[PDB]
Every structure is written in structure tokens, then in C-alpha cells.
file data30.pdb (PDB, C-alpha atoms and all ligand atoms)
MODEL        1
ATOM      1  CA  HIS P   1     -19.414   9.489  -6.956
ATOM      2  CA  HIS P   2     -17.756  12.416  -8.817
ATOM      3  CA  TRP P   3     -14.056  13.014  -8.397
ATOM      4  CA  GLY P   4     -12.408  15.226  -5.825
ATOM      5  CA  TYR P   5      -9.734  15.173  -3.160
ATOM      6  CA  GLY P   6     -11.367  13.224  -0.325
ATOM      7  CA  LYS P   7     -10.697   9.752   1.043
ATOM      8  CA  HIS P   8     -13.344   8.250  -1.172
ATOM      9  CA  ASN P   9     -12.939  10.189  -4.446
ATOM     10  CA  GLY P  10      -9.326  11.430  -4.302
ATOM     11  CA  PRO P  11      -6.359  10.894  -6.641
ATOM     12  CA  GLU P  12      -6.037   7.171  -5.872
ATOM     13  CA  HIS P  13      -9.572   6.610  -7.266
ATOM     14  CA  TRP P  14      -9.377   8.741 -10.395
ATOM     15  CA  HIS P  15      -8.094   5.923 -12.627
ATOM     16  CA  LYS P  16     -11.460   4.132 -12.467
ATOM     17  CA  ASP P  17     -13.232   6.885 -14.397
ATOM     18  CA  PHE P  18     -10.072   8.239 -16.121
ATOM     19  CA  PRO P  19      -7.786   5.333 -17.097
ATOM     20  CA  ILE P  20      -5.225   7.774 -18.494
ATOM     21  CA  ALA P  21      -4.388   8.499 -14.841
ATOM     22  CA  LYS P  22      -1.916   5.580 -15.203
ATOM     23  CA  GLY P  23      -0.637   6.851 -18.572
ATOM     24  CA  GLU P  24       2.825   7.556 -19.983
ATOM     25  CA  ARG P  25       3.050  11.316 -19.382
ATOM     26  CA  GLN P  26       1.086  12.182 -16.234
ATOM     27  CA  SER P  27       1.589  15.265 -14.050
ATOM     28  CA  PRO P  28       2.706  16.492 -11.634
ATOM     29  CA  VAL P  29       6.139  14.927 -11.127
ATOM     30  CA  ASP P  30       9.041  15.282  -8.755
ATOM     31  CA  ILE P  31      11.750  17.483 -10.229
ATOM     32  CA  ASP P  32      15.081  15.861  -9.346
ATOM     33  CA  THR P  33      17.335  18.873  -9.752
ATOM     34  CA  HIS P  34      20.513  16.873 -10.067
ATOM     35  CA  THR P  35      19.077  14.675 -12.854
ATOM     36  CA  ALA P  36      17.434  17.437 -14.930
ATOM     37  CA  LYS P  37      19.520  18.219 -18.019
ATOM     38  CA  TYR P  38      20.524  21.790 -18.903
ATOM     39  CA  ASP P  39      19.400  22.294 -22.521
ATOM     40  CA  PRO P  40      21.256  25.176 -24.187
ATOM     41  CA  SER P  41      18.882  24.863 -27.166
ATOM     42  CA  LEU P  42      15.969  26.104 -24.997
ATOM     43  CA  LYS P  43      15.011  29.635 -26.017
ATOM     44  CA  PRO P  44      14.237  32.462 -23.581
ATOM     45  CA  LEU P  45      10.701  32.372 -22.134
ATOM     46  CA  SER P  46       8.575  35.280 -23.465
ATOM     47  CA  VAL P  47       5.748  36.312 -21.142
ATOM     48  CA  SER P  48       3.681  39.030 -22.777
ATOM     49  CA  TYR P  49       0.896  39.993 -20.396
ATOM     50  CA  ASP P  50       0.743  43.763 -20.858
ATOM     51  CA  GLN P  51      -2.658  43.677 -22.639
ATOM     52  CA  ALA P  52      -4.227  40.986 -20.411
ATOM     53  CA  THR P  53      -7.997  41.339 -19.941
ATOM     54  CA  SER P  54      -9.173  39.541 -16.837
ATOM     55  CA  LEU P  55     -12.923  38.958 -16.684
ATOM     56  CA  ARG P  56     -14.130  36.951 -13.731
ATOM     57  CA  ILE P  57     -13.167  34.765 -10.812
ATOM     58  CA  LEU P  58     -15.036  31.434 -10.306
ATOM     59  CA  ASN P  59     -15.129  28.791  -7.550
ATOM     60  CA  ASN P  60     -15.535  25.582  -9.565
ATOM     61  CA  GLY P  61     -15.631  23.227  -6.575
ATOM     62  CA  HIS P  62     -11.983  22.083  -7.070
ATOM     63  CA  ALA P  63     -10.104  25.405  -7.059
ATOM     64  CA  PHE P  64     -10.841  29.007  -8.083
ATOM     65  CA  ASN P  65     -10.057  30.244 -11.599
ATOM     66  CA  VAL P  66      -9.352  33.817 -12.665
ATOM     67  CA  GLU P  67     -10.503  33.813 -16.292
ATOM     68  CA  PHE P  68      -9.252  36.000 -19.150
ATOM     69  CA  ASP P  69     -10.477  37.094 -22.557
ATOM     70  CA  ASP P  70      -8.716  34.645 -24.857
ATOM     71  CA  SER P  71     -10.515  35.650 -28.098
ATOM     72  CA  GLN P  72      -7.489  37.677 -29.250
ATOM     73  CA  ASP P  73      -3.728  37.586 -28.585
ATOM     74  CA  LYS P  74      -3.835  39.770 -25.440
ATOM     75  CA  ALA P  75      -1.787  37.810 -22.929
ATOM     76  CA  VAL P  76       0.474  35.226 -24.483
ATOM     77  CA  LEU P  77       3.296  32.900 -23.649
ATOM     78  CA  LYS P  78       5.920  32.142 -26.320
ATOM     79  CA  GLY P  79       9.530  30.950 -26.546
ATOM     80  CA  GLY P  80      11.162  28.556 -24.124
ATOM     81  CA  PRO P  81      10.356  25.027 -25.320
ATOM     82  CA  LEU P  82       7.280  26.217 -27.190
ATOM     83  CA  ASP P  83       6.613  26.566 -30.894
ATOM     84  CA  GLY P  84       3.957  29.140 -31.712
ATOM     85  CA  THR P  85       1.759  31.288 -29.536
ATOM     86  CA  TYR P  86      -0.137  30.168 -26.455
ATOM     87  CA  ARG P  87      -2.948  32.381 -25.090
ATOM     88  CA  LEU P  88      -3.653  32.793 -21.388
ATOM     89  CA  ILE P  89      -7.149  31.520 -20.558
ATOM     90  CA  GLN P  90      -7.063  31.308 -16.764
ATOM     91  CA  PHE P  91      -4.954  30.915 -13.668
ATOM     92  CA  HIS P  92      -5.602  29.041 -10.459
ATOM     93  CA  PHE P  93      -3.807  27.569  -7.488
ATOM     94  CA  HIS P  94      -3.423  24.323  -5.571
ATOM     95  CA  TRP P  95      -2.710  24.595  -1.838
ATOM     96  CA  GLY P  96      -2.408  22.733   1.425
ATOM     97  CA  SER P  97      -4.066  22.588   4.827
ATOM     98  CA  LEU P  98      -0.592  23.205   6.323
ATOM     99  CA  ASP P  99       2.367  25.273   5.046
ATOM    100  CA  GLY P 100       4.440  22.087   4.553
ATOM    101  CA  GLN P 101       2.296  20.763   1.698
ATOM    102  CA  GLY P 102       0.096  22.009  -1.123
ATOM    103  CA  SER P 103       2.196  22.101  -4.283
ATOM    104  CA  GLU P 104       1.681  19.488  -7.015
ATOM    105  CA  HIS P 105       5.214  19.500  -8.402
ATOM    106  CA  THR P 106       7.945  18.901  -5.889
ATOM    107  CA  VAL P 107      11.627  19.747  -6.078
ATOM    108  CA  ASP P 108      13.948  17.041  -4.723
ATOM    109  CA  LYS P 109      10.830  15.764  -2.945
ATOM    110  CA  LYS P 110      10.274  19.165  -1.248
ATOM    111  CA  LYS P 111       6.618  20.331  -1.166
ATOM    112  CA  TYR P 112       5.790  24.039  -1.249
ATOM    113  CA  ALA P 113       2.756  25.613   0.418
ATOM    114  CA  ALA P 114       0.962  26.124  -2.879
ATOM    115  CA  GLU P 115       1.420  26.210  -6.617
ATOM    116  CA  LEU P 116       0.131  28.724  -9.147
ATOM    117  CA  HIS P 117      -0.862  27.504 -12.638
ATOM    118  CA  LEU P 118      -1.176  29.967 -15.518
ATOM    119  CA  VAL P 119      -2.933  27.977 -18.212
ATOM    120  CA  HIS P 120      -2.370  28.773 -21.913
ATOM    121  CA  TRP P 121      -3.556  27.129 -25.161
ATOM    122  CA  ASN P 122      -1.917  26.866 -28.575
ATOM    123  CA  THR P 123      -3.659  29.261 -30.975
ATOM    124  CA  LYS P 124      -3.100  26.945 -33.941
ATOM    125  CA  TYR P 125      -5.932  24.810 -32.552
ATOM    126  CA  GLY P 126      -8.568  27.583 -32.549
ATOM    127  CA  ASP P 127     -10.066  27.109 -29.106
ATOM    128  CA  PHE P 128      -9.257  25.615 -25.725
ATOM    129  CA  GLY P 129     -11.531  22.614 -26.160
ATOM    130  CA  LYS P 130      -9.697  21.545 -29.325
ATOM    131  CA  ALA P 131      -6.320  22.276 -27.771
ATOM    132  CA  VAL P 132      -6.733  19.818 -24.896
ATOM    133  CA  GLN P 133      -7.123  17.006 -27.449
ATOM    134  CA  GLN P 134      -3.581  17.675 -28.782
ATOM    135  CA  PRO P 135      -0.183  16.584 -27.423
ATOM    136  CA  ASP P 136       1.133  20.183 -27.698
ATOM    137  CA  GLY P 137      -2.187  21.835 -27.006
ATOM    138  CA  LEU P 138      -1.525  23.552 -23.654
ATOM    139  CA  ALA P 139       1.389  25.249 -21.903
ATOM    140  CA  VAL P 140       1.011  25.657 -18.167
ATOM    141  CA  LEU P 141       3.394  27.973 -16.327
ATOM    142  CA  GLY P 142       3.771  26.651 -12.769
ATOM    143  CA  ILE P 143       5.056  28.846  -9.956
ATOM    144  CA  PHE P 144       5.731  27.691  -6.392
ATOM    145  CA  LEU P 145       4.478  29.623  -3.392
ATOM    146  CA  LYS P 146       6.272  29.670  -0.059
ATOM    147  CA  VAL P 147       5.052  31.336   3.125
ATOM    148  CA  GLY P 148       7.046  34.438   4.148
ATOM    149  CA  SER P 149       6.453  38.057   3.148
ATOM    150  CA  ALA P 150       3.182  38.995   1.463
ATOM    151  CA  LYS P 151       2.881  39.116  -2.331
ATOM    152  CA  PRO P 152       1.284  42.511  -3.046
ATOM    153  CA  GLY P 153       0.074  41.494  -6.499
ATOM    154  CA  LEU P 154      -1.896  38.614  -4.990
ATOM    155  CA  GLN P 155      -3.865  40.716  -2.514
ATOM    156  CA  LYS P 156      -6.630  41.724  -4.967
ATOM    157  CA  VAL P 157      -7.294  37.998  -5.477
ATOM    158  CA  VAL P 158      -7.316  37.265  -1.716
ATOM    159  CA  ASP P 159      -9.785  40.056  -1.051
ATOM    160  CA  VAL P 160     -12.424  38.858  -3.493
ATOM    161  CA  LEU P 161     -12.433  35.269  -2.119
ATOM    162  CA  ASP P 162     -15.220  36.145   0.377
ATOM    163  CA  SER P 163     -17.537  36.646  -2.577
ATOM    164  CA  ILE P 164     -16.870  33.176  -4.094
ATOM    165  CA  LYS P 165     -16.772  31.038  -0.949
ATOM    166  CA  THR P 166     -18.756  28.131  -2.379
ATOM    167  CA  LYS P 167     -18.909  26.010  -5.511
ATOM    168  CA  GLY P 168     -20.592  27.736  -8.451
ATOM    169  CA  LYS P 169     -20.096  31.298  -7.172
ATOM    170  CA  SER P 170     -18.480  33.827  -9.514
ATOM    171  CA  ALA P 171     -17.651  37.509  -9.340
ATOM    172  CA  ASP P 172     -16.525  40.177 -11.777
ATOM    173  CA  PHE P 173     -12.721  40.438 -11.695
ATOM    174  CA  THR P 174     -11.613  42.951 -14.312
ATOM    175  CA  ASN P 175      -8.302  44.839 -14.716
ATOM    176  CA  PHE P 176      -6.210  42.348 -12.798
ATOM    177  CA  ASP P 177      -2.565  42.235 -13.853
ATOM    178  CA  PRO P 178      -1.085  38.717 -13.689
ATOM    179  CA  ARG P 179       2.442  40.128 -14.038
ATOM    180  CA  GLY P 180       2.155  40.880 -10.304
ATOM    181  CA  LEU P 181       2.272  37.155  -9.546
ATOM    182  CA  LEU P 182       5.648  36.416 -11.210
ATOM    183  CA  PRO P 183       8.993  35.967  -9.474
ATOM    184  CA  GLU P 184      12.085  37.934 -10.570
ATOM    185  CA  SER P 185      13.740  35.122 -12.560
ATOM    186  CA  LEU P 186      12.124  33.192 -15.424
ATOM    187  CA  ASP P 187      14.601  30.260 -15.175
ATOM    188  CA  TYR P 188      12.526  27.094 -15.587
ATOM    189  CA  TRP P 189      12.362  23.323 -15.888
ATOM    190  CA  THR P 190      10.235  21.838 -18.665
ATOM    191  CA  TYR P 191       8.789  18.404 -19.479
ATOM    192  CA  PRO P 192       5.790  16.965 -21.354
ATOM    193  CA  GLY P 193       2.877  16.133 -19.088
ATOM    194  CA  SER P 194      -0.857  16.285 -18.439
ATOM    195  CA  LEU P 195      -3.670  18.138 -16.746
ATOM    196  CA  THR P 196      -3.309  17.412 -13.032
ATOM    197  CA  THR P 197      -7.061  16.908 -12.539
ATOM    198  CA  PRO P 198      -9.546  14.843 -14.467
ATOM    199  CA  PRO P 199      -9.825  14.369 -17.370
ATOM    200  CA  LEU P 200      -5.986  14.155 -16.963
ATOM    201  CA  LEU P 201      -5.454  14.697 -20.686
ATOM    202  CA  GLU P 202      -1.858  14.414 -21.871
ATOM    203  CA  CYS P 203      -1.836  17.750 -23.656
ATOM    204  CA  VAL P 204       0.466  19.948 -21.534
ATOM    205  CA  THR P 205       3.953  21.307 -21.976
ATOM    206  CA  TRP P 206       4.846  22.061 -18.348
ATOM    207  CA  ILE P 207       7.092  25.029 -17.634
ATOM    208  CA  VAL P 208       7.884  25.219 -13.925
ATOM    209  CA  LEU P 209       9.789  28.264 -12.619
ATOM    210  CA  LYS P 210      12.825  27.658 -10.410
ATOM    211  CA  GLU P 211      12.153  30.723  -8.233
ATOM    212  CA  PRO P 212       9.171  30.580  -5.849
ATOM    213  CA  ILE P 213       7.116  33.637  -4.910
ATOM    214  CA  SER P 214       6.512  34.427  -1.232
ATOM    215  CA  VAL P 215       3.018  34.965   0.122
ATOM    216  CA  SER P 216       2.052  35.792   3.698
ATOM    217  CA  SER P 217       0.520  33.441   6.222
ATOM    218  CA  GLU P 218      -2.619  35.662   6.144
ATOM    219  CA  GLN P 219      -2.823  35.319   2.349
ATOM    220  CA  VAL P 220      -2.685  31.517   2.335
ATOM    221  CA  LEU P 221      -5.036  31.339   5.345
ATOM    222  CA  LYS P 222      -7.637  33.110   3.216
ATOM    223  CA  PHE P 223      -7.305  30.392   0.519
ATOM    224  CA  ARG P 224      -8.090  27.780   3.193
ATOM    225  CA  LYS P 225     -11.405  29.442   4.115
ATOM    226  CA  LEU P 226     -12.862  28.586   0.702
ATOM    227  CA  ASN P 227     -15.331  25.684   0.400
ATOM    228  CA  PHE P 228     -15.431  22.702  -1.985
ATOM    229  CA  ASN P 229     -19.196  22.407  -1.439
ATOM    230  CA  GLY P 230     -22.030  24.563  -2.743
ATOM    231  CA  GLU P 231     -23.985  26.962  -0.567
ATOM    232  CA  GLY P 232     -26.461  25.080   1.617
ATOM    233  CA  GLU P 233     -24.480  21.833   1.505
ATOM    234  CA  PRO P 234     -22.317  20.536   4.342
ATOM    235  CA  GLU P 235     -19.170  22.628   4.665
ATOM    236  CA  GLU P 236     -15.904  21.117   3.557
ATOM    237  CA  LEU P 237     -12.916  23.442   3.482
ATOM    238  CA  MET P 238     -11.180  23.713   0.139
ATOM    239  CA  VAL P 239      -7.708  22.575   1.190
ATOM    240  CA  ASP P 240      -5.231  19.973  -0.063
ATOM    241  CA  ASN P 241      -6.589  20.192  -3.625
ATOM    242  CA  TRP P 242      -3.318  18.842  -5.042
ATOM    243  CA  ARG P 243      -2.417  15.603  -6.838
ATOM    244  CA  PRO P 244       0.807  13.945  -5.663
ATOM    245  CA  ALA P 245       3.822  13.348  -7.895
ATOM    246  CA  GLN P 246       3.357  10.694 -10.587
ATOM    247  CA  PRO P 247       6.018   8.411 -12.079
ATOM    248  CA  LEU P 248       8.327  10.121 -14.587
ATOM    249  CA  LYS P 249       8.465   7.036 -16.818
ATOM    250  CA  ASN P 250      10.102   7.654 -20.161
ATOM    251  CA  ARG P 251      10.694  11.411 -19.732
ATOM    252  CA  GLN P 252      13.651  13.746 -19.137
ATOM    253  CA  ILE P 253      13.148  17.042 -17.371
ATOM    254  CA  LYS P 254      15.127  19.805 -19.095
ATOM    255  CA  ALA P 255      16.463  22.931 -17.387
ATOM    256  CA  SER P 256      16.911  26.374 -18.943
ATOM    257  CA  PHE P 257      19.740  27.177 -16.536
ATOM    258  CA  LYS P 258      22.884  25.604 -15.158
TER
HETATM  259  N1  LIG P 301      -4.011  21.815 -12.916
HETATM  260  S1  LIG P 301      -3.854  22.017 -14.450
HETATM  261  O1  LIG P 301      -3.053  20.947 -15.016
HETATM  262  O2  LIG P 301      -3.263  23.316 -14.732
HETATM  263  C1  LIG P 301      -5.455  22.073 -15.189
HETATM  264  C2  LIG P 301      -5.823  23.041 -16.110
HETATM  265  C3  LIG P 301      -7.084  22.986 -16.679
HETATM  266  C4  LIG P 301      -7.952  21.946 -16.338
HETATM  267  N2  LIG P 301      -9.236  21.780 -16.911
HETATM  268  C5  LIG P 301      -9.995  22.890 -17.370
HETATM  269  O3  LIG P 301      -9.720  24.042 -17.075
HETATM  270  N3  LIG P 301     -11.128  22.631 -18.172
HETATM  271  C6  LIG P 301     -11.290  21.402 -18.863
HETATM  272  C7  LIG P 301     -12.677  20.921 -19.029
HETATM  273  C8  LIG P 301     -12.911  19.798 -19.761
HETATM  274  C9  LIG P 301     -11.772  19.080 -20.396
HETATM  275  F1  LIG P 301     -12.015  18.009 -21.143
HETATM  276  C10 LIG P 301     -10.496  19.532 -20.253
HETATM  277  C11 LIG P 301     -10.237  20.760 -19.448
HETATM  278  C12 LIG P 301      -7.555  20.980 -15.432
HETATM  279  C13 LIG P 301      -6.311  21.040 -14.854
HETATM  280 ZN    ZN P 302      -3.598  23.318 -11.701
ENDMDL
END

call {"tool": "encode", "arguments": {"input": "data30.pdb", "output": "C-alpha cells"}}
result
Amino acid sequence: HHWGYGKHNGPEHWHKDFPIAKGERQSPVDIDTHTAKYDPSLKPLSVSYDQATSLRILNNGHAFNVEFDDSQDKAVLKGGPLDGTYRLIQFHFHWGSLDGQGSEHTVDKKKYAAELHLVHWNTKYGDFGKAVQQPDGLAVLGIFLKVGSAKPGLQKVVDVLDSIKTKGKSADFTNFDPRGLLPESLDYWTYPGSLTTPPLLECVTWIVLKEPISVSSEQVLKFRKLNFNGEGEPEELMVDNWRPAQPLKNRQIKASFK
């Protein structure tokens, strides 16, 4: 039927509806730290989220998205490998059923418990729908989560999850500050890639931070109580909503740090 993360509709099946799944710049990938090349030409990452306007949180049946007002330059990503200004439209996470898996990117084959994706689109293309049709249309900032101490800036997200348990549920989520989800360092790896879910469009400049954030076991346990299904349908826990690493093919991962 329609795509997902189960035995019968999971990542190994996606290529039948989305042939680009076997394309030349698919994501995620394994980041081989010893093979990534330090690029001294990479500019400092500029994360400008002080005027962010969060609107809503939505369970879309695959993950949950915290959506932002992207009709003005309010929360933007610039610099690093990017040319121009990319506006924040939403963030979401991928996570595991167990602490030993859940991230999409891996680092020297290591899987983290989850991965945060802050999705931005290039303002020169006018809107998000146009941007995903362009090779430099999106910039996604990826941040690994490990289980340890709680992340205080994540708790407001965790506490609203009871109100969006099932597919199609949304709730107001204003005045949330995404700066509270960032690690101390903005050192990153970067490569050209794709959306990690269908339609798997090859429109993403990936910027993956070296430094993970820590979240508590209670925080990630609350992610795993979410449902892929809609209300009134058979319950399937929303866990392991990650795509495994894809072949790097003709790409070099660049590092901003030595
Ligand atoms: N996991 S990821 O690469 O960050 C990502 C980000 C956004 C989407 N897709 C999305 O938000 N909307 C969308 C809808 C229709 C399209 F044709 C393309 C994107 C999928 C994966
Ligand atoms: Zn994602």
C-alpha cells in the first residue's frame, strides 16, 4: 500500500513507487570520520533563530513536525556551505525502539538514539514546494541525540505529545524557541543529499553537527508512545521511523573542523 517503516512498506520497498530511492545522491549516509575532508573554504554556520515564530505541532503518521511561520525571514540558516538564505519551515525527529538505534546518519557506523532535522528552504525559490524541485533547494541541519541527561529545551515538545498521539492530530505550539535544541559547538560535516523519506527528492544540502545533544530516557520514552496510525485504527507505536544509510557513490563528505 502506502509507504512507511514496516516489513511490508519499509525502506526496502520504497524504490517501487519512488525510483529515485536508488539515485546518485540519496540520504542518509554513513559519515566515515577518517575519510571526510576538512575544507578550510567552508564558512562559519550562521543560525539566526531569535525571531522564530513556531505555530503548530502535527503528527503526520511518519513523525511529528513543529511548524514555523516561513512567510518572512524570521528564523534562517546561512553560511557554512550555503549560498543565500534558507528559512526554517519545520523540525522533526527520527528515533528508535531501543537506545542503540534511531538515527538516520551514522558516524563510523555508530547509530544514535535519535536524530533531529531542522528543515530550511532557499528563499530564492519563493516557496517550499518549488524549493524541493531544485538541487540546492533545501538545507537540513541534522543533530544527533544520545540518551543521558535531559535536554531542558526539548521538554515543552515532550509534554505536548499526549495531544497528538495519532496520525492527523495537531495542536497549537506557539512561542517555542528552537535554539534550545542546539548543542554547544556548530562544527559540522556537509554533503549533497536527499529527503530521507518519500518522495526522496535530491534537493538537500545536509549539514550534520559533530556534537550530539543529550536527552533523558524519560524524554525518548515519550517519543515511543506516539502512534503511526490514526485514532480508531489498530495501534502501532511510532518507533524506528528511520531510513538506513545509503551508498555514498560519487560524493565526498566535507568537514568544517580538523
Ligand atoms: N527527513 S528529511 O530529509 O529532513 C525530510 C524533510 C521533509 C520531507 N517532506 C516534507 O516535509 N514535505 C514534502 C511533501 C511533498 C514533497 F514532494 C516533498 C516534501 C521529507 C523528509
Ligand atoms: Zn527527517

call {"tool": "residues_around", "arguments": {"input": "data30.pdb", "residues": "stretch 179-184 of chain P", "least_positions_apart": "4", "cutoff": "7 Å", "atoms": "all atoms listed in the file", "output": "list in words"}}
result
residues 49, 153, 154, 211, 212 and 213 of chain P

call {"tool": "residues_around", "arguments": {"input": "data30.pdb", "residues": "residue P:102", "least_positions_apart": "3", "cutoff": "9 Å", "atoms": "all atoms listed in the file", "output": "list in words"}}
result
residues 94, 95, 96, 97, 98, 99, 111, 112, 113, 114, 115, 239, 240, 241, 242 and 243 of chain P

call {"tool": "closest_atom_pairs", "arguments": {"input": "data30.pdb", "of": "chain P", "to": "ligand ZN 302 (chain P)", "cutoff": "7 Å", "atoms": "all atoms listed in the file", "output": "Markdown table"}}
result
| residue | atom | partner | partner_atom | distance |
| --- | --- | --- | --- | --- |
| P:92 | CA | P:ZN302 | ZN | 6.2 |
| P:93 | CA | P:ZN302 | ZN | 6.0 |
| P:94 | CA | P:ZN302 | ZN | 6.2 |
| P:117 | CA | P:ZN302 | ZN | 5.1 |
| P:196 | CA | P:ZN302 | ZN | 6.1 |

call {"tool": "resolve_selection", "arguments": {"input": "data30.pdb", "expression": "the PyMOL selection byres (((chain P and resi 26) around 7) and not hetatm)", "output": "MDAnalysis selection string"}}
result
chainID P and resid 21 23:25 27:28 193:194 202 246

call {"tool": "residues_near_ligand", "arguments": {"input": "data30.pdb", "ligand": "ligand LIG 301 (chain P)", "cutoff": "9 Å", "atoms": "all atoms listed in the file", "output": "PyMOL selection string"}}
result
chain P and resi 27-28+65+89-94+104+116-120+128-129+132-133+138-142+193-201+204+206+242-243

call {"tool": "atom_distance", "arguments": {"input": "data30.pdb", "atom1": "atom CA of residue P:109", "atom2": "atom CA of residue P:245"}}
result
8.9 Å

call {"tool": "closest_residue", "arguments": {"input": "data30.pdb", "among": "P:228, P:188, P:173, P:257", "to": "residue P:66", "atoms": "all atoms listed in the file"}}
result
P:173

call {"tool": "atom_distance", "arguments": {"input": "data30.pdb", "atom1": "atom CA of residue P:220", "atom2": "atom CA of residue P:163"}}
result
16.5 Å

call {"tool": "resolve_selection", "arguments": {"input": "data30.pdb", "expression": "the PyMOL selection byres (((chain P and resi 44) around 12) and not hetatm)", "output": "number ranges by chain"}}
result
P: 39-43, 45-47, 77-82, 185-188, 207, 255-257

call {"tool": "atom_distance", "arguments": {"input": "data30.pdb", "atom1": "atom CA of residue P:61", "atom2": "atom CA of residue P:165"}}
result
9.7 Å

call {"tool": "closest_residue", "arguments": {"input": "data30.pdb", "among": "P:189, P:168, P:231, P:219", "to": "residue P:63", "atoms": "all atoms listed in the file"}}
result
P:168

call {"tool": "resolve_selection", "arguments": {"input": "data30.pdb", "expression": "the PyMOL selection byres (((chain P and resi 57) around 10) and not hetatm)", "output": "list in words"}}
result
residues 54, 55, 56, 58, 59, 60, 64, 65, 66, 67, 68, 90, 91, 92, 157, 160, 161, 163, 164, 169, 170, 171, 172, 173 and 174 of chain P

call {"tool": "closest_residue", "arguments": {"input": "data30.pdb", "among": "P:191, P:159, P:6, P:178", "to": "residue P:75", "atoms": "all atoms listed in the file"}}
result
P:178

call {"tool": "closest_residue", "arguments": {"input": "data30.pdb", "among": "P:130, P:249, P:74, P:258", "to": "residue P:203", "atoms": "all atoms listed in the file"}}
result
P:130

call {"tool": "residues_around", "arguments": {"input": "data30.pdb", "residues": "residue P:1", "least_positions_apart": "5", "cutoff": "12 Å", "atoms": "only C-alpha atoms", "output": "PyMOL selection string"}}
result
chain P and resi 6-10+13-14+16-17

call {"tool": "closest_residue", "arguments": {"input": "data30.pdb", "among": "P:107, P:215, P:88, P:131", "to": "residue P:151", "atoms": "only C-alpha atoms"}}
result
P:215

call {"tool": "closest_residue", "arguments": {"input": "data30.pdb", "among": "P:149, P:251, P:205, P:144", "to": "residue P:218", "atoms": "only C-alpha atoms"}}
result
P:149

call {"tool": "axis_aligned_box", "arguments": {"input": "data30.pdb", "around": "stretch 92-103 of chain P", "padding_each_side": "6 Å", "output": "JSON"}}
result
{"center_x": -0.6, "center_y": 24.9, "center_z": -2.1, "size_x": 22.0, "size_y": 20.3, "size_z": 28.8}
